[PDB]
Structure formats: C-alpha cells, structure tokens
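Report on the structure given below.
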Number of protein chains: 6
Amino acid sequence: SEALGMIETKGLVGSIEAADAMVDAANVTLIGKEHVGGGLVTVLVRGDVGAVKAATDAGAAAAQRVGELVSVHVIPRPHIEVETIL
Amino acid sequence: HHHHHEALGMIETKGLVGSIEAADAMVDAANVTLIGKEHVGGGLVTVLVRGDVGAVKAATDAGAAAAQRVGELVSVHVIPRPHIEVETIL
Amino acid sequence: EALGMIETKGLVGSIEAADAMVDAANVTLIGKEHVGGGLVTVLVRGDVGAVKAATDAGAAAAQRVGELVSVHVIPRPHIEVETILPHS
Amino acid sequence: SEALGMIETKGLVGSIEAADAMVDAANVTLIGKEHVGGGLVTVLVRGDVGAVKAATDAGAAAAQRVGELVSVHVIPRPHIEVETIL
Amino acid sequence: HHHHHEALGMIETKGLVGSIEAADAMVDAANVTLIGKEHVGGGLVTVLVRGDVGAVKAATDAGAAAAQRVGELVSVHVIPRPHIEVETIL
Amino acid sequence: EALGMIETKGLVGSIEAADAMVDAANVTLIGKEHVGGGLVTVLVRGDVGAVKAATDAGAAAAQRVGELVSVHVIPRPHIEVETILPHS
C-alpha cells in the first residue's frame, strides 16, 4: 500500500505544472489526472511516504504560482478498497 | 421494493480530493464496501458505501469529518434500507 | 401516465429523493439525468395520485440532505414530450 | 422556412415543463432539447409564426413557475444555414 | 501556415439561445458560411463563420448586437487570416 | 521539446491564443482541452525560445478578446508528464 498524493486545481495548467513539479521533486509514479467538471482537475501520484510528501509539497507550490490551487493532500497508507475509485 | 423482507452511505464533495479522503476514511472506520464514485458535473463528486446500518453510520461520520478537513463537503447521508429501484441511479 | 420530477443541486439529494419517492407510492423510477453545473433530475412515472404523493415525499426528503431546485408533476404529458424524456 | 421558438432554462425540469406547455398551446413540432453545460438546457420548436409565438409565450410562463427561466426567443423566418446547428 | 500566400468570425455566449440568434443574424447580414457551434462546458457556446474579411466583420457586428438582445454575450472576434493549424481546434 | 500552455475561460480566447501562438513562432499546436466550467487550454510544443515567444504573444492576444486564466512554459517537461498531455 504505497502512499497517495493529490493536488486539485481550478484549471488544467496548474495541474500539468503540479505533475511536472511532483515527478521533478521525488521518485513518484504519476497515476493520472481526473477532470470532475466545474473546471476542477486533480493529479495523483503514488510512492513511498517520504517521496509523496516531498512531491506534493513541490506540486502545490508550483501549481499556486501558475494557476488556482484548490486542495493538496497525502494519504500515507491508503486502504486497498480506495484503489477501486482511483 | 426492499432487498430483504444493505444500508447505503454517501458523501458528496466539491472536488475529487475531498471524496478520495472521504472514501479512505469510510473504509478505514468500519466494515463497509466502497461501491464507487459518481461525477455529476459542476465539480460535484459522490462516493458511496454499503454495509450494515451501524457500520455505514460510523463510516459516513468518519468520512464527513475527513472530507471537511481537506476539501469542500456538500452532503452526507445514510439510507438504512434502500429500495432496489434506487440501484438503477447509483 | 403522469410524470413526476425532482431536480437537485448534487447527486445525494437526488438519490434520497428517488428512495423517498418509491417508498411513498407505487411509481416507476425512470432514471436520472445530469445537465451540468451540478444539477441532477430524477423522474418517475405512474398514476397521477401516486406521482403526486411520491414527488411531495421526494421533495421534502431531498431538501433535508441537499439542495432542492425544482419539483413538478405533469398529470397527462403530451405524447411529443416523451421524445425528450429518458425511458426505462 | 418555418419559425423557430426557443426557451432556455437553468435546470431540466423547467425545460420539460416548457416543452409540454408549448405543444399544449399550439401545433408546433418539438425539435429537441440541448444541454450546454453549467445547468443550462434549451428546448426548441418549429411551426408557423403564429403557433410558435403562442407556444413560446406559454412555455416561458410555464417554465418560470417551476424553475429558472433564462431566455425566450422566436425567430420568425430563420435562415436555412441555421438548420446546420439545430 | 496561412491558407493563401478565409476570415473567421466567432461569437461566444452563455447559453445556446444567444448563439442561435447570433448565427441567424450573422448569415442574414452578409455572405458568410456557418461552420458550426462548439460547447465547452459551463454554459459557454461559440458559433463560427467563414468568408471574406469585410463580410465576416459585418456578420460578427450584427451577430454580437443580436446575441446581446436575447442572451448573454461573452466574446466577439474576427481573425482576418487564420493559420491552417487553428482548424485542428475548430 | 518545451511545452507552452494558455488557459482561458471561453473558447474564443483560446482560438485567438492558438492563432497568435502559431503566428509568432514555429511551434506545433498540439490541440485543446476542455475541463468543464468554461475552461479551455491550448497547448503548443517546440524549442524553448519559440515556445516562450509564442506563449507571450498568445497570452496578450487572448486577454484582448476573452478571459485569460493561466499562461505557462515548461522548458524541459519530464517524460512522465507526456502521459497526461494530449498528443498530435
């Protein structure tokens, strides 16, 4: 159960910049991006807890510089059931 | 038409992050099954769980509190005995 | 058959409206429609009396958990309107 | 080139009620309904000018009673090119 | 990359009614071809026309005024010599 | 290659941004993405210098006809980011 990191922005540009800054900051896997309507876009990463925390911190700061940051969160040990909605 | 003669728990958020956190907290809090998530546009996302009523109430209480900390909570509800017809819109 | 509809902002209000409608009267839940902006409509069909009882119960239930936008009953819809509705 | 009548609402309920009131008020053809996002829904009718004006007036009043009316308009003699976006 | 070595007119509205009225007024005002309409979500709708620059300017001016009377006008623009690459997003 | 992006509220601002970008420099217009809520992004690829010139021109052009939301250049995108981008 690898850690899960997520950044949500209003607008795609902030999310693409967040994804690039996340993989630049640490060895994390980019799971993908999700569009939920209303302009909201989420990018998600997986990896060891330390790497996910470093990646999400870098991604949140990068997204805030170019777009609108909405949320930033890390789940260090997600439950296996959560994989069914990722 | 009732199933017998399981309870449904739901949390709706504005944004996916609050829903992923709600889903994780729900399955962590009690013996419930995560049924899935629905996007209805306008940024609204709903995550649904099934199980015995006591487990669904404990899971939704934990999921509502968790979603509010990281995102925007919109609704939280438990239907103890949902009609089978409601499955057609889940 | 009469047509009953409840529109909410958010899916949770619509799931609760649909459950309260089928619980209150013998109506057929046709389904749900998403029109964007968070708006969701649930539609039922049945005899006029059943549809009125179901929609009244559904509207009150939806308002408790979410945001009720509209509630309406068309007792005898024109056949042309069926061409723009969802069907079972 | 039959007249074109249109009613736009915020929400589907107002548009279904508008469509029923339009066909109830006059001999018009319901072309269909369109969802453009943001909750906006448009219902369109065709027929002779007099019938379309009566139908759209009835549909606007009916939609306003149950939902949110946004726009109401009649084009008495639409250009043939407009059929390509209907 | 230019087409030669036609002009594009566009009107964006919030709601379909303003766009249908803009399209009708545009083709009525001048010799332009209605290319189509695009929905981008959030209620925004764009209608596009092609023709000689003078015709496109006359058509967009008429369409902008007509859309504002019945709905919500958001944008109005003419590109006299659009690059062929822009066709990939029209 | 460098990646340039311009996000607007409305399609008109994005069509004008795309035209001004290809007019200003030799960049490849990858396409456009709609993420809901009226937000539209247009993306270009090319050498860093060309992408910076194109995005600067596109941002100024989009602001004149519509609502500019974001403008950004990533000079050397990580290979992983290509998996979430549109491609030609």
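Neighbour counts are summed over all protein chains in view; Cβ atoms, including those assigned to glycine, are modelled from backbone coordinates with ideal geometry. No lab work stands behind these numbers, since they all come straight from the coordinates.
Classification of chain B by its C-alpha gyration tensor yields an oblate form. The axis ratio a/c (a ≥ b ≥ c) is 1.5 or more, and b/c is at least a/b. Percent of Cα pairs in region A:46-86 per distance bin of 10 Å, from zero to the largest separation: 26, 44, 28, 2.
Its Cα gyration tensor gives the protein assembly as shown an equivalent ellipsoid. The semi-axes, each the square root of 5 times an eigenvalue, are 39, 38, 13 Å from largest down. FRET efficiency for the pair C:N26 and D:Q64, taken as 1/(1 + (r/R0)^6) with r the Cβ-Cβ distance and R0 = 30 Å, rounds to 0.40. Inter-chain neighbour count for F:43-56: the average number of beta-carbon atoms from partner chains within 10 Å of each residue's beta-carbon is 0. Positive end of the dipole of chain A (Cβ unit charges, origin at the Cα centre): among A:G14, A:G50, A:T29, the Cα lying farthest that way belongs to A:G14.
Cβ-Cβ distance of C:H78 and D:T84, R₀ of 35 Å, FRET efficiency by 1/(1 + (r/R0)^6): the value works out to about 0.80.
What is chain C by shape, rounded, prolate or oblate, if you read a ≥ b ≥ c off the alpha carbon gyration tensor as root eigenvalues and call it rounded for a/c under 1.5, prolate for a/b larger than b/c, and oblate otherwise? Because a/c hits 1.5 or more and a/b fails to exceed b/c, chain C counts as oblate.
When restricted to Cα atoms, chain A yields an Rg and a Dmax of 11.7, 34 Å, respectively. Applying 1/(1 + (r/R0)^6) with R0 = 60 Å to the Cβ-Cβ distance of D:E2 and E:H5 gives a FRET efficiency near 0.85.
In chain E, helical runs assigned H by DSSP with n ≥ 4 each contribute -39500 (n - 2.57); averaged across all residues and rounded to the nearest 500, the mean residue ellipticity at 222 nm is -12000 deg cm²/dmol.
Helix-only arithmetic for chain D: the sum of -39500 (n - 2.57) across DSSP H runs with n ≥ 4, divided by the residue total, places the mean residue ellipticity at 222 nm at -12500 deg cm²/dmol. For B:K37, which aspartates and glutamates qualify as cross-link partners when the Cα separation must be under 15 Å and same-chain residues fewer than eight apart are set aside? By straight Cα distance, B:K37 reaches A:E34, A:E81, A:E83, B:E12, B:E21, B:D24, B:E87. What you get for the protein assembly as shown, charging only the Cβ of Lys and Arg (+1) and of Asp and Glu (-1), is a dipole of about 540 debye around the Cα centre.
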